[PDB]
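Close look at the chain arrangement
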Amino acid sequence: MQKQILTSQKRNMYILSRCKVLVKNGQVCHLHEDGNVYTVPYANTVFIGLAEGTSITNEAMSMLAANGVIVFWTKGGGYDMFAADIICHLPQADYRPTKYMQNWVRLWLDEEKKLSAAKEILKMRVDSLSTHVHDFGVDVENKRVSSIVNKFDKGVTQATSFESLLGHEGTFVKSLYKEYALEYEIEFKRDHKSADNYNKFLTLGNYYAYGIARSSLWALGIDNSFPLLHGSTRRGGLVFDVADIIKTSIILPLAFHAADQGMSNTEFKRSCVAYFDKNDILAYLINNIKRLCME
Amino acid sequence: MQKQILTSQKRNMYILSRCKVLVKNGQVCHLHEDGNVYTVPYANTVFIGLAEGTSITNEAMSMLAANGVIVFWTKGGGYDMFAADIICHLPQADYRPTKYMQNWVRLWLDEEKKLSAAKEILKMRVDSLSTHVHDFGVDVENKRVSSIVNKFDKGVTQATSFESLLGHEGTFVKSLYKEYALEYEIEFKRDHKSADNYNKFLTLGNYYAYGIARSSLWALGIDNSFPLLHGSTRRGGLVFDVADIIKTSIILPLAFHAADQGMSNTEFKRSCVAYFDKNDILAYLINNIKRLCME
Amino acid sequence: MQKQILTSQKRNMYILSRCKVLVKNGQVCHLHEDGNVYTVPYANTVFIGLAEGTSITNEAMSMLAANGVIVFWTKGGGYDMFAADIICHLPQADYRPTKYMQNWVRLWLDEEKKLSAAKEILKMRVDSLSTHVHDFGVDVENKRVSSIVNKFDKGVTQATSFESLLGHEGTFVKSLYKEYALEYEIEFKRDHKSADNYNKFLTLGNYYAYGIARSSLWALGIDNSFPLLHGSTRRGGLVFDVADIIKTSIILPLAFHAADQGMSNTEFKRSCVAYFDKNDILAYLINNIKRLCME
Amino acid sequence: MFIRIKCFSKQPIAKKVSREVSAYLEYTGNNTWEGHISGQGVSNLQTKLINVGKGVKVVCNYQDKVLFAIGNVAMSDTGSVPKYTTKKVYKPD
Amino acid sequence: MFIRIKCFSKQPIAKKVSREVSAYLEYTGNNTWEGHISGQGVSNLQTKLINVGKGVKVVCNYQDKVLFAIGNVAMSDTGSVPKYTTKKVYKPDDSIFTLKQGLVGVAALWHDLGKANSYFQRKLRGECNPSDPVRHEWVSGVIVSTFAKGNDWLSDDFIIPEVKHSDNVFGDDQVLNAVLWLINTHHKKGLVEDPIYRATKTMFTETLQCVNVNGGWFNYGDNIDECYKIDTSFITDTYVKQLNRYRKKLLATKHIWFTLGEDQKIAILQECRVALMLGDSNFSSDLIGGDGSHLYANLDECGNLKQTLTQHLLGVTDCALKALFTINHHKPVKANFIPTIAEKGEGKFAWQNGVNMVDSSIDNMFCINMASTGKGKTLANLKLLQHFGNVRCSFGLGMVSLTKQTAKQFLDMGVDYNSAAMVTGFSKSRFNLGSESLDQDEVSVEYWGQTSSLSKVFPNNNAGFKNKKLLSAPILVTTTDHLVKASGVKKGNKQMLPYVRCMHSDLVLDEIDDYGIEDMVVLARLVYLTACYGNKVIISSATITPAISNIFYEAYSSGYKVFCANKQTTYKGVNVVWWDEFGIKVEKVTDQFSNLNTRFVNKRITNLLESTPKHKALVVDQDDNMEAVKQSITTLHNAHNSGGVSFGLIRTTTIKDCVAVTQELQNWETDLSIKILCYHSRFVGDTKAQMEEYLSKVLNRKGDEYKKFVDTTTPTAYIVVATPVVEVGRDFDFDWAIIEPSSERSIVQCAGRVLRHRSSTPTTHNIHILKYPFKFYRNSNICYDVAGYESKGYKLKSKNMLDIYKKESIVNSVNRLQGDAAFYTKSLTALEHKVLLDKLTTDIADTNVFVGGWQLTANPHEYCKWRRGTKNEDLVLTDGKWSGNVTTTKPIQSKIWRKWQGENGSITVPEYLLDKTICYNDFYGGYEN
DNA sequence: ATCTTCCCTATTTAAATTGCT
DNA sequence: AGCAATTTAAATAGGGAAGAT
Ligand SMILES: [Mn+2]
Ligand SMILES: [Mn+2]
């Protein structure tokens with residue numbers, strides 16, 4: 001494996017569905033019931049999600065974890081309404097760098113430093129918006145998005161608690177959900193259990209940003225049991241805290257565009273790889289979480 | 001095959017080998033090598049392990065995680081785990097780090113509890129030596145070994161700094177190395193690069209010790225970035241610090257016996273996991289970490 | 001062959017260099033002087049070209065002609081200023097549509113009608129500029145380009161003789177070539193016997209526009225032997241009017257961009273395919289001669 | 001319209017379909033063709049790829065969606081082009 | 001980065017490469033993979049795709065250019081992926097390849113006929129002196145010459161006649177003479193001591209008739225009669241038919257041999273000799289085992305009798321024939337398409353877009369890269385190589401550390417070790433301390449690379465690590481002495497590896513002015529040999545003298561004439577690419593190179609002169625240079641300092657001069673806070689290396705990181721007294737320099753060590769040139785010969801630098817670029833140019849550059865010695881204890897700023913100074929006390 | 001069970017030759 | 001000169017069995 005592609009420099013990501021994942025001739029490959037064995041670039045894979053009807057052997061996990069691939073399952077607590085337990089195995093056989101845990105927990109225990117870090121990660125939402133622009137959807141520089149970003153920053157500046165924070169999240173996300181919906185001419189209510197494409201593509205992008213966020217966390221050694229946002233509806237830990245940096249900048253525009261431009265699940269999945277490697281979002285989140293812990 | 005490991009008091013770390021785990025008639029079972037299905041009771045197990053030759057499916061994964069049975073992927077033997085998720089307080093109701101984890105963090109932070117816990121980990125390492133008495137190895141009650149034990153006890157009790165504890169730990173470890181070299185009629189000097197039987201057998205036994213200490217640290221949710229003796233820049237130093245407890249008590253006599261009789265590596269693996277299963281070495285490490293972190 | 005792809009929707013486009021063009025096992029291909037046999041898609045080829053060291057056979061030429069692929073030979077220029085003579089095999093075995101040739105003849109024989117067609121075709125290059133705007137190079141709607149095409153349109157409106165058209169043709173070519181030179185910050189002189197990349201990329205685009213123009217003329221049955229613009233300098237046939245309608249709109253900015261970015265000739269071949277395919281320049285030329293013929 | 005045609009075929013049914021698919025697209029090597037063509041060109045390529053005989057194993061991709069799949073080629077469920085294809089997969093009740 | 005990998009492989013080598021290429025890319029079906037990956041992922045995929053075994057058939061495409069091509073896969077000439085490739089493509093009048101085949105086959109069946117004498121038999125059995133009176137190559141040559149004088153040597157039965165001792169075996173027949181020279185020089189070339197012969201002989205046979213037995217073959221000569229009594233047991237079946245078929249091959253092709261030119265004959269016979277040693281060493285390396293007795297050629301490691309002479313001759317023949325075939329019909333393995341090169345240069349690298357003015361389809365190219373330092377010359381050379389396609393080049397550089405610097409630039413910009421091979425053949429013990437994990441430096445010797453197909457024709461599968469890195473490198477960043485042996489050697493088979501290396505690879509020689517005159521002569525010999533096979537020479541020297549640029553062009557033009565008439569192509573001329581940081585110019589030059597080169601030089605001079613003067617030099621009037629150094633240090637500290645802190649460089653000539661300036665400055669009473677360093681070359685491994693790393697990190701002035709490596713708080717004069725080791729290959733930036741004059745290129749180079757990184761113009765004067773060199777007080781007849789081009793044949797009329805240099809002058813490359821032959825006896829610059837045109841001339845002489853006729857002889861490797869130095873014995877420090885007459889001493893401890901201690905290592909002492917104690921010291925290394 | 005190695009197993013591609021137009 | 005028929009043979013794919021973990 002020589003040096004092994006840095007995990008920020010891995011570009012392939014997969015969520016396999018209705019297959020038996022195994023190893024043939026040393027190959028991570030998923031076999032469907034039609035007799036088709038598709039290989040996976042395991043030394044270049046960021047994550048492999050496993051949907052319903054999936055199965056994986058031991059050796060496939062053995063040479064995915066040796067190559068640093070995070071494997072999660074989309075069922076269990078994967079109904080995304082409670083978002084309690086998306087079953088997500090990490091490769092902890094590799095002994096990770098430690099200093100990001102140290103600076104992360106120094107700021108975690110200190111509640112005032114946790115509050116300030118939460119504000120930085122809430123500002124990372126609008127930072128993501130500005131950095132990652134899309135040319136097939138909402139312009140970030142129009143009056144509504146600039147007004148709501150200004151309102152979000154002036155609310156999160158004067159914030160006092162995590163209950164006040166939970167509320168600012170409600171506003172940003174819900175109103176960005178809505179602002180897209182009115183510009184995409186669709187009455188839209190976010191529902192993880194909804195059948196319309198505007199929600200199934202959104203849940204697929206939720207799993208994709210879950211994988212990117214969890215790979216960015218594990219890269220630095222950061223776990224999930226140390227979240228910055230505490231609330232009643234914020235069950236799920238730090239992986240959703242990192243992942244909702246890039247809902248409204250990446251996952252939500254791609255999902256809305258996909259649904260509006262009638263993409264299929266496969267091409268939305270691919271549009272997600274194209275945006276996650278063209279702008280290098282994994283290295284973005286990894287470097288930005290280094291900025292978050294730092295001292 | 002089916003293997004039971006007691007870990008804390010009542011929950012059992014099940015290890016499954018050469019079997020296909022799925023859902024039959026609404027509950028999790030597994031077809032084994034002999035073509036006979038075996039079910040699993042949800043009440044008596046929390047950790048379930050997937051050894052070599054083992055595949056699990058998606059709805060089995062989901063129903064296992066919905067019953068509080070949290071799954072990990074391991075190399076065959078049950079003490080070489082490479083893939084898992086993080087223990088919470090409850091798997092479905094909430095997401096909080098375990099009390100053990102938080103206690104460890106707090107103890108590590110304040111300098112006095114970190115020094116006291118470093119002294120305590122070496123106290124229990126001397127306890128481990130006596131507790132796990134071998135047959136082929138040297139007598140722990142022998143006058144030279146007891147003199148080394150009392151020298152280590154005096155040195156740990158009278159020390160006020162970590163580098164003194166590192167020098168004393170190295171003196172104790174290599175003094176036990178010298179004692180076992182005096183037993184087995186050889187000039188033994190500990191180097192990882194040597195290709196002789198004693199050094200490489202001790203190296204792969206140390207890797208087994210790192211694996212079982214990693215399982216013990218994971219099973220209480222203790223993260224791999226808070227070492228007691230080793231430095232903050234040492235990657236996975238807590239695995240090495242916990243494995244130090246059983247490196248000179250269990251791994252060293254088994255490795256020197258293995259190099260004395262000169263048998264091959266797989267049967268040394270089966271001797272190591274037989275000693276782990278017979279005397280509940282993982283349960284000893286689990287109770288050790290509970291007594292360290294609870295204080 | 002059912003409905004052979006209408007010539008205007010034929011897409012492939014080559015100039016073959018240092019290879020003998022033959023037929024293997026059914027398909028037309030070209031074999032270079034190292035053993036490499038690359039197939040030609042003759043059913044979708046617009047034209048092929050033959051550079052130095054090329055040699056086509058009989059049944060290959062037949063399979064190109066019966067499918068309707070116009071074939072020329074690039075070399076033959078022997079003067080100091082002019083692309084002298086390009087030898088071009090017309091597929092006349094396909095019997096052509098007739099009344100478009102009758103319309104071209106009824107405008108060619110009447111001198112005032114030829115002058116009127118000369119007028120509209122001189123402003124056709126002006127509207128070509130306006131329609132086909134590249135992303136690189138100059139912007140068409142700047143003050144200098146609009147001033148020179150306005151002076152060109154004002155002068156060609158009041159023109160009454162073909163020698164005045166030739167003079168205004170010369171000032172137009174000098175104006176564009178030099179403005180592109182200014183943009184790309186180079187000194188430019190159009191010599192077909194020059195080693196500078198802005199020149200032989202322009203001769204390669206001369207060959208490309210020649211092939212496009214004979215395919216457009218042959219698609220409506222128009223011969224090269226009816227030049228509506230004629231003179232001492234301008235003696236090439238109708239190909240030197242329907243070929244340089246699209247110099248300063250398509251080829252010359254593409255040639256300057258290819259000589260500015262400076263990779264090999266193959267990126268220029270593929271860029272000519274890409275722009276002649278994306279904007280449908282062949283169908284655009286055919287439809288323009290269509291609205292010429294019936295007016 | 002930009003398409004890409006891949007061949008799974010054994011026999012010289014990887015050969016006499018190659019004449020027709022190399023009459024309409026450029027050869028990118030390794031029994032894979034890729035290029036630009038019109039929709040009527042797609043129709044002509046379909047008509048003279050199917051009529052050439054039985055056993056044609058052709059998958060076409062327009063952008064990334066599958067244009068057509070000649071035969072019972074499993075081709076794509078999620079990814080395209082399997083590898084170690086086999087028999088025995090599910091065997092249920 | 002988006003790549004696409006296609007597989008051409010048979011076997012399950014389409015299967016076990018599929019595991020690795022499916023570990024890194026997605027599978028698009030039909031043995032084609034395609035996907036996104038990082039550049040380090042490309043490096044890992046290369047490393048584990050090549051190491052997996054032999055027969056890997058992999059082509060990678062990045063966008064549309066080919067990234068890499070594993071194996072000799074033809075892949076793409078225009079399109080990619082052919083159909084079936086069978087046989088019989090071209091089949092021309094190959095002529096000269098049939099000529100080389102006939103010569104090599106005829107000579108290789110006759111190369112060891114002279115081991116059949118009884119002296120060689122008792123030498124192998126071991127009852128006499130192992131050194132023969134006459135070498136067996138000369139005895140076989142005597143056999144062939146006697147057979148040719150007796151019978152018609154081309155079409156007759158063989159039969160070995162009664163041969164006697166012949167002083168000369170070379171007659172008039174040009175082809176026979178070629179076969180005789182191949183036979184006699186299959187181990188070593190003949191050496192001609194004769195001064196009149198060395199003065200006059202030029203042609204092929206007319207020089208070869210002067211090659212006698214006394215040129216090395218005739219060792220002692222008392223058993224000559226036993227050395228020429230010979231048995232004739234070679235007359236067997238397969239030997240006689242092999243000799244007959246090769247002799248008739250030569251017979252049929254020798255009609256094109258007389259239509260060759262002198263240059264052709266020399267280069268073709270050099271190729272034949274290289275292939276003959278390749279086959280001879282290849283068959284002598286391996287053990288064949290079987291033997292037919294009664295006659296023997298070689299011995300094993302146990303000394304037993306093996307490799308009987310009939311099958312030895314047959315094995316050497318077929319191995320040399322196969323050597324010739326693979327070296328004459330090779331598509332060599334080239335480097336990866338580096339994606340960090342092909343984009344635009346920005347800012348100060350914006351001149352590197354001059355490659356977009358060069359034709360990408362030229363078969364030959366002679367680059368003269370006259371760009372100044374700090375502009376990225378080597379990156380521009382790699383850009384020029386990659387403009388023509390994939391890269392295959394030998395970056396031959398002076399010094400180990402400059403090769404390390406170019407390797408580090410290649411590593412951090414885009415080149416991995418699958419394409420690059422840094423070769424320094426001494427195994428130095430200079431390691432990086434502090435942090436091994438946090439280094440991100442120290443380019444090392446691994447070369448995952450790709451083993452070329454030429455290794456099978458070398459002896460014992462090339463060698464171990466070093467020759468595999470030599471031959472199989474696509475890009476060979478090497479010290480230059482691994483390439484100058486291509487032109488030929490005295491004794492042994494050390495010519496073949498750099499010969500076959502430079503045959504299929506381009507040559508890139510950077511800063512050729514720092515080499516010696518004979519070093520530059522043999523480097524232009526290497527340029528001629530590289531151009532003999534159509535490869536491209538990139539010369540990168542800013543301070544080029546017209547003479548040098550001209551003779552390198554003439555060497556390339558003679559080589560391209562060899563290559564043009566070798567492939568029966570009409571010679572259109574050489575594509576000369578003049579290049580600097582202000583522009584480029586590509587011209588097809590077959591004649592009038594001088595006016596175009598001087599016009600480019602004048603254009604570069606006018607592009608240098610309207611820029612602000614960065615180095616204003618004043619020649620001091622103070623005669624005594626000790627107190628001139630004192631006054632100049634005081635003046636340039638009082639004028640040029642950064643808030644009281646100034647950096648000075650006292651460039652002197654030799655080592656005892658350096659310690660004299662140091663010991664004067666240490667005992668010099670002044671109010672200035674002088675802090676003295678010694679920076680010469682005589683130092684122990686540890687101490688020397690430590691000085692280097694410190695100086696590189698304190699004289700770096702592109703940032704203010706140095707403020708922390710020196711005490712800049714207190715106003716201090718940081719003075720470095722150095723020899724010419726500072727003016728070559730050092731990225732140093734001093735505030736000012738005081739120069740002891742030795743040569744004008746020393747003045748220009750030490751001007752390049754002042755304000756190298758800054759852009760602030762000096763106000764008054766930043767260089768103070770001494771009035772005299774210090775050898776004036778020791779030798780007033782000649783003083784500039786040490787580290788200069790003054791000599792006994794070129795004497796300055798006056799040694800005063802007011803007479804021979806401008807008193808106030810802006811020192812740049814202009815004086816070296818212009819070129820003046822008149823008034824060389826009273827100006828330094830015209831003295832320099834004179835020597836350069838009077839030694840590197842367009843003649844063949846014997847130590848010259850156009851050498852023809854003498855390549856056949858050992859004369860250009862004996863009288864033109866590469867790195868000709870003094871005897872040089874090495875006193876070695878072993879753990880603090882010196883070996884020879886060293887005697888450690890104590891320095892003056894007055895102003896030493898930094899002194900690093902040393903315990904291991906070695907010092908290089910000339911044999912002249914071995915007589916006395918070198919008196920090694922921790923501060924300054926060697927002196928006379 | 002999973003996966004690997006190897007032996008059938010013959011099915012499946014590529015080359016080779018050569019009248020025929 | 002391209003091709004066709006037709007042989008010839010090298011190699012690719014797959015299934016079963018047995019040995020490892
Ligand atoms: Mn010999
Ligand atoms: Mn020999």
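Residues numbered from 1 in each chain as written, not as in the entry; some residues may be left out. Chains lettered and ligands numbered in written order. Part of a larger assembly, values for the part shown. Heavy atoms only, no water. Residues with missing side-chain atoms left out of burial classes, pairs and counts.

For this entry, the PDB record names cryo-EM as the structure determination method and reports a resolution of 3.75 Å.

A closer look at the nonpolar core
In plain terms, the rule: For this analysis, a nonpolar core means a set of buried residues of the types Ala, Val, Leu, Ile, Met, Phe, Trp, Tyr and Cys, connected via side-chain atoms within 4.5 Å. For every residue, the accessible area obtained with a 1.4 Å probe (protein chains only) is divided by the maximum for its type, and the residue is called buried under 20%, exposed over 50%, and partly exposed between those limits. Contact definition: two residues touch when any of their heavy atoms are within 4.5 Å.
Ranked by size, the top nonpolar core spans 232 residues in total, and within it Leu 103, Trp 110, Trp 153, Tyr 239, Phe 552 and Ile 633 of chain E carry the most contacts. For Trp 153 of chain E, the residues in contact, after removing those within four places along its chain, are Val 106, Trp 110, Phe 147, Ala 148, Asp 173, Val 175, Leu 176, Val 179, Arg 247 and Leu 250 of chain E.

Re the side chain of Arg 247 of chain E
Residues and elements named next belong to chain E. As a reminder of what qualifies: Counting from the N terminus, the helices are the DSSP runs of H or I reaching at least four residues and the strands are the DSSP runs of E reaching at least two. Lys and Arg are tallied as positive, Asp and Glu as negative. Neither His nor the chain termini are counted. We define a salt bridge as a side-chain nitrogen of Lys or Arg found within 4 Å of a carboxyl oxygen belonging to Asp or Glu. The term polar contact refers here to a pair of N or O atoms within 3.5 Å; inside protein, the definition further demands a hydrogen-donor-capable atom paired with an acceptor-capable atom, and it admits residues adjacent in sequence only when both atoms are side-chain atoms.
Tracing the backbone shows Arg 247 in helix α10 (residues 237-253). No salt bridge is formed by the buried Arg 247; its nearest oppositely charged neighbour, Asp 157, is found at 6.3 Å. Within the structure, the side chain of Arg 247 is placed 3.0 Å from the side chain of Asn 244, a separation counted as a polar contact. In this structure, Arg 247 is in contact with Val 106, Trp 110, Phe 147, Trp 153, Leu 154 and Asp 156, ignoring residues within four places of it in sequence.

A few points about the sheet that holds strand β4 (residues 65-70) of chain E
Residues and elements named next belong to chain E. Quick note on the threshold: Each pair of strands is called paired provided DSSP finds at least two bridges between the two strands. A fitted line through C-alpha atoms represents every axis, and for helices the fit uses only the stretch in contact; the resulting angles, taken between N-to-C directions, go from 0 to 180 degrees.
If you walk across this open sheet you meet the four strands as β2-β1-β3-β4, and the pairing is antiparallel. The sheet is open, and its two borders are formed by β2 (32-36) and β4, each paired with just one other strand. For this sheet, the mean angle separating the axes of adjacent strands, direction not counted, is 20 degrees. Its contacts with the sheet place helix α2 (residues 39-50) against β1 (2-7), β3 (58-62) and β4, and it is angled at close to 25 degrees to β4.

What to know about the coordination of the manganese ion (ligand 2)
All names here are of chain E. Worth spelling out the cut-off: Sodium, potassium and calcium take a 3.2 Å donor cutoff, other metals 2.8 Å, and in both cases only N, O and S atoms count; water is not among them, so sites may look incomplete.
Here the manganese ion (ligand 2) is held by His 111 (NE2), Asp 112 (OD), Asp 280 (OD) and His 312 (NE2), and the distances to it run 2.2 to 2.4 Å. Sequence spacing among the residues donating to the manganese ion (ligand 2) works out to H-D-x167-D-x31-H. A distance of 3.7 Å spans the gap from the manganese ion (ligand 2) to the manganese ion (ligand 1), which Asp 112 bridges by coordinating each metal. Pair noted here: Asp 112 is in the loop between α3 (96-108) and α4 (118-125) and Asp 280 is in helix α11 (residues 262-285), with a separation of 168 residues, a long-range link. For the pair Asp 112 and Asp 280, one class covers both residues: buried.

Describing the protein's contact with DNA strand F
Applied cut-off: Near, as used in this document, describes a residue that has one of its heavy atoms within 4 Å of the molecule or strand being considered. Residues are grouped as follows: nonpolar covers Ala, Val, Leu, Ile, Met, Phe, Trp, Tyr, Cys and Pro; charged covers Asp, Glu, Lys and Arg; every other residue, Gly included, is treated as polar.
Around DNA strand F there are 23 residues in total, and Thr 57 of chain A, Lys 20 and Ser 55 of chain B together with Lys 10 and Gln 11 of chain D lie nearest to it. Considering the 4 Å shell around the protein, atoms of DNA strand F inside it are sugar or phosphate in 79% of instances. A distance of 3.0 Å is found between a base nitrogen of DNA strand F and a side-chain nitrogen or oxygen belonging to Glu 33 of chain B. Within the contact set of DNA strand F, a phosphate oxygen lies 2.6 Å away from a side-chain nitrogen or oxygen of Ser 55 of chain B. Considering every element that reaches the surface near DNA strand F, the biggest residue donor is strand β2 (residues 20-24) of chain A, with four residues. The residue inventory of the surface near DNA strand F, partitioned by class, reads five nonpolar, 10 polar and eight charged.

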